[PDB]
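A look at the structure
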Amino acid sequence: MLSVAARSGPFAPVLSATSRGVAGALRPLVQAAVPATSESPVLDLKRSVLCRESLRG
Amino acid sequence: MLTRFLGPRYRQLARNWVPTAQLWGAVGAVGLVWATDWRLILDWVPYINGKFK
Amino acid sequence: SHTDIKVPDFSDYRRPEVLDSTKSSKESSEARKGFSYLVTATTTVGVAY
Amino acid sequence: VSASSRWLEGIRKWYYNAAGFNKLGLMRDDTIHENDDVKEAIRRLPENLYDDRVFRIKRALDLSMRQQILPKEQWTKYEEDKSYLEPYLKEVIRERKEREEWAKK
Amino acid sequence: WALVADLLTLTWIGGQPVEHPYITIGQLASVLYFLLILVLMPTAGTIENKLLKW
Amino acid sequence: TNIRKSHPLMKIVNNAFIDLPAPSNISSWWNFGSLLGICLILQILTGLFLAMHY
Amino acid sequence: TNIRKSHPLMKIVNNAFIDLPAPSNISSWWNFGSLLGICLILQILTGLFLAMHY
Amino acid sequence: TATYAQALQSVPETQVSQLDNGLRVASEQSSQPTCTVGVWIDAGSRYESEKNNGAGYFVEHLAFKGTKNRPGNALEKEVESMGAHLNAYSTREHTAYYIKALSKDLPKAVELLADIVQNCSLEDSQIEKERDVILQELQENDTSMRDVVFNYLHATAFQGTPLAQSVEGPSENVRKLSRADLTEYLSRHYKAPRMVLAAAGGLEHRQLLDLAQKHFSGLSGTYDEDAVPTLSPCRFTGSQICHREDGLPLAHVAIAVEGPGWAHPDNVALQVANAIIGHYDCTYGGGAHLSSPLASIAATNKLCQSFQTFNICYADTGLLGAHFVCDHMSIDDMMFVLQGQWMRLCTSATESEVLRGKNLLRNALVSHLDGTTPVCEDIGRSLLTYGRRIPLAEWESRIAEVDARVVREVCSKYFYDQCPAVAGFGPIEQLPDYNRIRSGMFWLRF
Amino acid sequence: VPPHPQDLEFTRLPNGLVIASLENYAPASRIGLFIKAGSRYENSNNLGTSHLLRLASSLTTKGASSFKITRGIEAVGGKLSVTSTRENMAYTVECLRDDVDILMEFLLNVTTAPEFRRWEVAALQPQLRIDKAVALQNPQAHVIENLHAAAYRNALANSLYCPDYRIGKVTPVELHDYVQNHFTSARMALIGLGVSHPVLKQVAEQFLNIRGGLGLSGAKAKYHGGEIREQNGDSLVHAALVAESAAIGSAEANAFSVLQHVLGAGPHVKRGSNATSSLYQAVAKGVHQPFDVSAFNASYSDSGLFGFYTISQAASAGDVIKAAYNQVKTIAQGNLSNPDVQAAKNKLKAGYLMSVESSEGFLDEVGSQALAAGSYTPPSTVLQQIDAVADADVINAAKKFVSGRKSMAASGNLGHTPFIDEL
Amino acid sequence: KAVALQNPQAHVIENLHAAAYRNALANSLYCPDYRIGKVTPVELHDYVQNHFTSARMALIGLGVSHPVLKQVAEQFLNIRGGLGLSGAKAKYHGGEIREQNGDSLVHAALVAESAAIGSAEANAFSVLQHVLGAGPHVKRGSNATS
Ligand SMILES: CCCCCCCCCc1cc(O)c2ccccc2[n+]1[O-]
Ligand SMILES: CCCCCCCCCc1cc(O)c2ccccc2[n+]1[O-]
């Protein structure tokens, strides 16, 4: 069950050609937009989440 | 050194812009005709024969 | 709370063709467009003469 | 190799000497007309080169100004003339043509 | 300079009557002008490149 | 700051004949540019004076 | 990018009659500005035609 | 070696089955030891009325907080204790509760789903607690400029229609909405022929049915009848909404022209055209060399921090456009370029680029149906919207048809000289005047 | 009625390269070359070289110019993406099958023929600033970055993003050296999804026989302990407290992996109380409002950190950390159930199985395994492995956390965030 | 701050302090970057009323006469309603802060808690510094007595 990173927690940066740059390991944030009032930018000096190359018809 | 413009796409480009280029000359002539009341040409138009003979 | 945002009612200025939320504006478009285009078209004709 | 090539070589060493940039300490690449391909190649030059080339042209424009020319000793000796820009210019063009070909398909 | 002189020539011919030498000599100045600007300078320039190894 | 550099008119003049950079290099063959201008206005001037009598 | 915004001439025209900001506010009494211009050129035009006969 | 074409036929046919109820139970069996089952309902917010609004959203919040049989919190306890993942989303047109779980656990997975979707204990204690939360949600939501701008586009694009409404409603309803209101929405909407049981993983389709029949038998059977209204067409308006706010450091703009709905054949073509324009983000690698003219120009001259085209589908309409973000002095240029690109595609799309877009669409299509969940969610949604489940092979077939002409044609039909729905937020002092954006929706050349 | 699947095939070349593949008859292909060139191999003299490197994946190569790599790939709707961790780098290219031949080429040119031209690299330094900026906008990034810098003195302490003082300063020669140094056969693995073993093998043997870098998966991280604190004003204090755990692969490190799930990791139900969460329940009891906490679990090749990560209002910070801490401390004390460890075990496995449902996910699992183990360990046995965790094993893991030198990183208004000292 | 922090010593001592204490002496002489543009006039107001009061004030005069200062004091410096003591009382702690830099020269300071000012012990320390050595006394010297 190696995969240091998807072993959930340590950090894993991802750069791309087509898709957007990522950062994404494990620590909460999650049970946090629940006990609410966690703001966030709306694309303040930034990028864009979910990112693309997923569609349909 | 105009060979930069010599390939498939370029062909498709000029092709797409053909009907437009055509119409723009249709506007262009009728425009000169009517602004100079072209004797030679107008006579053929059915109406617009306001020059009897 | 940006969801309290209402877009003002416009019936007061809307062309008759575009008054019903029930139906497309797709249909009325050609005509509405045609009308205002015919207007300038003729205007140029007028300016031409 | 023999008479034939040294002949063309000296035709050039002549035309070169004839061109006259040398007398203003220039180098053939210093005299190249700057266009896009050129401009980028100049960008791509390393610090030292760039720095050297600006002092060179600067000396020349200074000469050309006061209409003098450099002492004969210091003129630039043909084929002691380093063609410093060419490799870059070549690759800069090389590149453009690729997009150019890519643009036709 | 050929272009210049040819123009000095051209001016001069322009100022002489349409007879004798002047006709044909002018007809040459003419061709030369066009031949020079349209074919002589460009090729002359391409050559200078090949001479520099450019 | 200054005056010559910010006054809407002055700027124009300043960035065209006062500060504007030029080759320390150009020769006499860069005079007929301004000489043409002189000729334009001198034509315009005398030209105007001749017209109040012509 | 664009064309209208960077071409030395075009800019001029663009920043004077295309993009240039104006009060959403001004009334009819802001027409005689351009009407004066029309009058200037209409004077200039007919004025010119009258002068080739006067 | 097995070709791409060949590979498309390799995908197992999606098994669809109807309950004597109206429940359509569907599956796409595979080899995995894990799977995704859930209920897709044809409930949204376009289905709600000015005052009802926020109902489903309020219901989704209440959904996992206790059933009649599993009270207070055990639902979680059971779901969690078996390492399963319970999830739910809701849009203007669809609502979904789905469970991510170990394959062997398909039974209780389903049992759970049923209980949730049928015996929802909307206890007053909860429904009360829940409003304080949904209020907060709205407060946070207001900070996502993106989230705002898309609601506004919707808000003005659909001026007057139900579609104009947002999913959570205005604070007012979230604060006033009562259990009777909820109960009512559930009963009005949560009924068999409007809901699908979908799955994907290591399961034999037979099992699904057995379960579907076991815990979902008892909806529309003796129900339906009168008081089941259909969906009203929604009038797209073509307007603009600019919420100027120089306090924000970057501007969000989001333009669109009305597009046709889910089932329309000209979406595939619209999507290829889209792929050709593509997206961008400043963390992309390769700037100048991006294929997309927008993306490139953008990246080279820094005309934005990120853009992205899109095509939102609804019943008989949808929004079609792009959305970008950028410095206060770049909205014009950014608009200029995006607009000129659309037209270029309307007037002179070249043959080569259309292949890139078809290729981008296949890579997206295939790449997206990777993993139980997405597939399960594609089954459900597909059934709700297409009536079928359209096999990859067909989409390829559909995409293949599309060529240059097809693009410049379909594009011209939807984008040429049509009035846009404009939505702006942030420091929009420079966002072009509406006439101007409209005048950009066609060009004098052609 | 799907076809019966196939088997992954796995091959160790004598030169050290591992090759593994699977022919899922997928309409698309994924090829990833995994390299032991992660950030831990930088040193006080070239920090960030692996970042700018991660970012330079489409600069010109011999045999593929920037433009072509870009234009080339996009043309087939494919993708090229490189993803680093403190330990590996993973160049992963993806597309439809009919097209692997062209992506595999680009792939190779990038990994084995990079030119790092002066002016292309100069051109890119800025992106280190933009890149990191975009990443560090989640408090967690800095916190974990600091956590690591605090915990180690060695290699694992090096950061995923380039030190600010280094931006604009990493040289092409450094990139050159970094590649020759680490992108070699014995530190490489090549994974194929949707390709066939004879091809990968041929590609490997033809194109990936590179060797003359370093040898081991380490300088060997020296654990140390310590704590880093960032004054911020973010209203919410982010904090992580942690101790050295067990290295990846090893049995102990599954005792820990099981622990995380007892103490609690992510949520499993949209907006839940997290009933089965030892930490979250232990916190609410004493803390009344906005907070999240989760057990934290990193494991590297030759070490690992364990503990928990908390987010709370600037004044409850302490209470949240102190409650969180005691809860672990209470498992160390033996107060661990059994149906509880059982529940954990279930979440873990289901989670793992779940973790590789997808391709992009499976390829990453196989890739890392290749480098961490030189094996491919099937789910059946991973599950069989998770099963072997004894309740006592978990307790012991916790015992270890509770009793061993610690490491804290926290950022926000620290005025009520405890000190370690004070823990 | 920019102008000040251009001597490595500033940051080092600033960090030294932040490391050594958890309390008050750890606070830095220069405003935290995150605070620039964020300190409010009310904070300035409070800071003055809080600390610029008679019991925390002293008034020194060179070239003036005692009756004047006194009068100035009694007329103008009778302010009181802030806090009282010369402390929150610094808690010493220990620890260390490290800055990766690339300055070719490594600046480092290593230190332990000593004696409070005024006290006798603190002159034992003051004497020590001079045994171990402080600044140079001769332009360019070996610092023989160091
Ligand atoms: C006394 C009337 C002045 C006539 C024209 C004014 C001079 C401006 C024209 C320029 C423009 C230009 O570019 C140069 C460059 C170098 C030297 C002179 C010069 N001009 O004179
Ligand atoms: C058809 C010939 C046009 C005549 C003049 C061109 C108009 C430009 C003058 C201005 C200037 C100016 O500031 C304003 C402001 C508001 C409205 C009009 C207007 N102009 O027309």
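Look above for the structure.
Per the secondary structure count, chain E includes two helices and zero strands. Its C-alpha atoms give chain E a radius of gyration of 15 Å, more than 25% over the compact-globule value 10 Å for 54 residues. Seen through its principal axes, chain E has C-alpha atoms that stretch 50 × 15 × 15 Å. Across the 54 residues that make up chain E, the buried fraction comes to 15%. Surface summary for chain E: the accessible area is close to 4100 Å², and the carbon and sulfur share equals 73%.

Neighbouring ligand 1 are F:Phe17, F:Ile26, F:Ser34 and F:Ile38. Burial of ligand 1 by the protein amounts to 42% of the accessible area it has alone, namely 510 Å².

So, about the nonpolar core. All names here are of chain H. By size, the foremost hydrophobic cluster in this structure holds 77 residues, and its most contacted members are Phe 307, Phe 324 and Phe 415. When residues of this core are assigned to their parent elements, the largest contribution, nine residues, is made by helix α12 (residues 331-348). Residues within four places of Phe 324 in sequence aside, it is in contact with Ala 251, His 252, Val 253, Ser 306, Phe 307, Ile 331, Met 334, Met 335 and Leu 338.

This paragraph deals with the interface of chain I and chain H. The figure often quoted for interface size is the accessible area lost as the parts come together. On the side of chain H, 54 residues touch chain I, which itself brings 48 residues to the contact. Here chain I and chain H share an interface that buries about 4200 Å² over both sides, 56% of which is from carbon and sulfur atoms. In terms of surface lost to chain H, no three residues of chain I exceed I:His268, I:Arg271 and I:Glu357, which account for 18% of the buried area on that side. Among the salt bridges present, the one from I:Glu357 reaches H:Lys100, with a minimum N-O distance of 3.3 Å. Counting every contact that joins chain I to chain H gives 24 residue pairs in polar contact. At the level of secondary structure, the elements contributing two or more residues to the side of chain I that touches chain H comprise β3 (28-35), α2 (66-75), β5 (89-96), α5 (125-135), α12 (339-355) and α13 (359-373) of chain I.

Turning next to the packing of helix α3 (residues 74-81) of chain H against helix α4 (residues 106-118) of chain H. Residues and elements named next belong to chain H. Closest axis-to-axis distance for the α3/α4 pair is 11 Å, and the angle between their directions is 160°. One finds that α3 runs roughly antiparallel with respect to α4. Considering how the two elements wind past one another, α3 and α4 form a crossing that is left-handed. Where α3 approaches α4, its residues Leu 75, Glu 78 and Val 79 are matched on the opposing element by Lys 108, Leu 112 and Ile 116. The residue inventory of the contact of α3 with α4, partitioned by class, reads four nonpolar, no polar and two charged.

So, on to the state of the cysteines. Residues and elements named next belong to chain H. Scanning the entire structure with this criterion turns up zero disulfides over all chains. Counting only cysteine sulfurs, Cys 376 is the nearest neighbor of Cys 35, a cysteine outside any disulfide, at a range of 8.5 Å. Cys 234 takes part in no disulfide bond, and the closest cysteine sulfur, belonging to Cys 313, lies 14 Å away. With a relative accessible area of 4%, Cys 234 lands in the buried category.

With that settled, consider the environment of I:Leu208. As for its placement among the helices and strands, I:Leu208 is situated in the loop between α8 (197-207) and β7 (226-231). Dropping the residues within four chain positions of it, I:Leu208 is found in contact with I:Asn15, I:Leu17, I:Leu33, I:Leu108, I:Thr112, I:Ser185, I:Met188, I:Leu190 and I:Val203.

In this section: a nonpolar patch on the surface. Residue and element names in this part refer to chain E. A contiguous nonpolar surface patch, about 800 Å² in accessible area, is contributed by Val 31, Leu 32, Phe 34, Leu 35, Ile 37, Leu 38, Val 39, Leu 40 and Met 41. For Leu 32, the position within the fold is in helix α2 (residues 20-52). The partly exposed category is assigned to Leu 32, whose relative accessible area is 33%.

On to empty space enclosed by the protein. When its volume is computed, the largest cavity comes out at roughly 90 Å³. A:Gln31, H:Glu80, I:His261, I:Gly264, I:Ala265, I:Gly266, I:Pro267, I:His268, I:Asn274, I:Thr276, I:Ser277 and I:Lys347 are the residues that line the largest cavity. Across the lining of the largest cavity, the residue classes tally to two nonpolar, eight polar and two charged.

Moving on, we get to the interface of chain C and chain H. On the chain H side, the residues contacting the 19 residues of chain C number 29 residues. With both sides pooled, the region where chain C packs onto chain H buries about 1900 Å², and carbon together with sulfur makes up 44% of that total. Here chain C is connected to chain H by zero salt bridges. Run the count over chain C and chain H and you get twelve residue pairs in polar contact.

Let us now look at the site of ligand 2. Residue and element names in this part refer to chain G. All residues adjacent to ligand 2 are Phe 17, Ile 26, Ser 34 and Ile 38. The fraction of the free accessible surface of ligand 2 (520 Å²) that becomes covered by protein chains is 42%. Among the residues forming the shell around ligand 2, the class breakdown is three nonpolar, one polar and no charged.

A separate point is the packing of helix α10 (residues 266-277) of chain H against helix α13 (residues 351-368) of chain H. If you want to describe how two helices pack, look at the angle between their axes and the distance between the axes. Residue and element names in this part refer to chain H. The contact between α10 and α13 brings their axes to 8 Å, and the two run at 105°. Looking at the two axes, α10 sits roughly perpendicular to α13. Contacts between α10 and α13 involve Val 268, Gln 271, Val 272, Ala 275 and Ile 276 from the former and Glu 353, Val 354, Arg 356, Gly 357, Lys 358, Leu 360 and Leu 361 from the latter. Here the residues of the contact of α10 with α13 sort into seven nonpolar, two polar and three charged.

Residues and elements named next belong to chain H. One open sheet accounts for six strands, arranged β7-β12-β8-β11-β10-β9; its pairing is mixed. If you trace the sheet from one side to the other, it starts and ends with β7 (240-244) and β9 (279-281), each paired once. Within this sheet the neighbouring strands show an average axis-to-axis angle of 20°, counted without direction. Relative to strand β11 (residues 317-326), strand β8 (residues 251-259) is paired through nine bridges, and the arrangement is antiparallel. The partner of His 252 across the bridge, within β11, is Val 325. Against the sheet, helix α6 (residues 145-157) touches β7, β8, β10 (306-314), β11 and β12 (421-426), its axis set at about 150° to β12.

Procedures and definitions
Residues numbered from 1 in each chain as written, not as in the entry; some residues may be left out. Chains lettered and ligands numbered in written order. Part of a larger assembly, values for the part shown. Heavy atoms only, no water. Residues with missing side-chain atoms left out of burial classes, pairs and counts. Helix = DSSP H or I, 4+ residues; strand = E, 2+ residues; numbered from the N terminus. Rg over C-alpha atoms; globule rule 2.2 N^0.38 Å. Buried < 20%, exposed > 50% of the residue type's maximum accessible area, 1.4 Å probe, protein only. Areas by Shrake-Rupley, 256 points an atom, 1.4 Å probe, with all protein chains shown as cover. Near = heavy atom within 4 Å. Core = buried A, V, L, I, M, F, W, Y, C linked by side-chain atoms within 4.5 Å. Contact = heavy atoms within 4.5 Å. Buried area = accessible area lost by both parts, 1.4 Å probe. Salt bridge = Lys/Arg side-chain N within 4 Å of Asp/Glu carboxyl O. Polar contact = N/O pair within 3.5 Å; in protein donor to acceptor, adjacent residues only side chain to side chain. Axes fitted to C-alpha atoms, helices over the stretch in contact; angles between N-to-C directions. Parallel < 35°, antiparallel > 145°, perpendicular 65-115°, else oblique. Left-handed = near helix turned anticlockwise from the far one by under 90°. Nonpolar A, V, L, I, M, F, W, Y, C, P; charged D, E, K, R; others polar. Disulfide = S-S within 2.5 Å. Patch = residues over 30% accessible without salt bridge, like charges linked within 9 Å, V, L, I, M, F, W, Y side chains within 5 Å. 1 Å grid on protein atoms, 1.4 Å probe; cavity = no way out; pocket = protein on both sides within 12 Å on 5 of 7 lines; lining within 4 Å. Points joined across faces, edges and corners; volume = space filled by probe spheres on them. Pairing = 2+ DSSP bridges.

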